[PDB]
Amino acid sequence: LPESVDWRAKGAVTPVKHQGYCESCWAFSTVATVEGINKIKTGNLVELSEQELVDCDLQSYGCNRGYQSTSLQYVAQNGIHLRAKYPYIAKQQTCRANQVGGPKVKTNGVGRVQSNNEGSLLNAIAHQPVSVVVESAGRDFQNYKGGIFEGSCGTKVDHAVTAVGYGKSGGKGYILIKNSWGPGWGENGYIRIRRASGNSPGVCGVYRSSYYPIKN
């Protein structure tokens, strides 16, 4: 919708987290999009549990990769608990949802953005935080510590992150993304990746698989 967005400024984004040594980026990004839509709908910003999804999403593989849609679908079906009540342990344990406290923040649906298209992605970010995919394998993404990432990445996505805003700074458009590698990476745990570029799969394949929780 507008020339710029930043959900952190509107108070819809929680602190940058650490996945640690576990392949749970899918769980991290989906929680960030849900904390985002809850605050948007509810006015309440609370941290939710990536651990519950890690142990509880049975379509995904805990600390060995998982899905955007299946974790988003888990919350739509069962709701999700508070982070403080179901602590992150960086290892897949037995599902504690029923023992922890049965459903807390719940959504009712899950949407996937029309793929390979700048316009649709911005329209979705304009409404709330979106779960996006990016190729993080490279050394430039890896040792990134600041500015608008033009790249040196291909499109072989391998990481789910959270698109929290977009804008233009110095002539260039960008997508503001919340990464889960702690505050010691990029711009305090964040990365501005250059946007679009003639190729619709996007920079570092950021236009490939974008999902958002739907709260009716």
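Heads up: residue numbers just count along the shown sequence, starting at 1.
Between 64 to 72 and 167 to 175, it is 167 to 175 that carries the larger average Cα temperature factor according to the deposited entry. Look at the mean CA B-factor for 191 to 199 and for 19 to 27 in the entry; the higher one is 191 to 199. Going by the entry's values, 146 shows the largest Cα B-factor out of 79, 111, 146, 87. When the Cα B-factors of 56, 37, 45, 160 are read from the PDB record, 45 comes out highest. Among all modelled residues in its chain, residue 51 ranks in the middle third by Cα B-factor. Sorting the modelled residues of the chain by their CA temperature factor places residue 121 in the lowest third. In this PDB entry, residue 131 carries a Cα temperature factor that places it within the lowest third of its chain's modelled residues.
The entry lists a Cα temperature factor for residue 12 that places it in the middle third of the chain's modelled residues.
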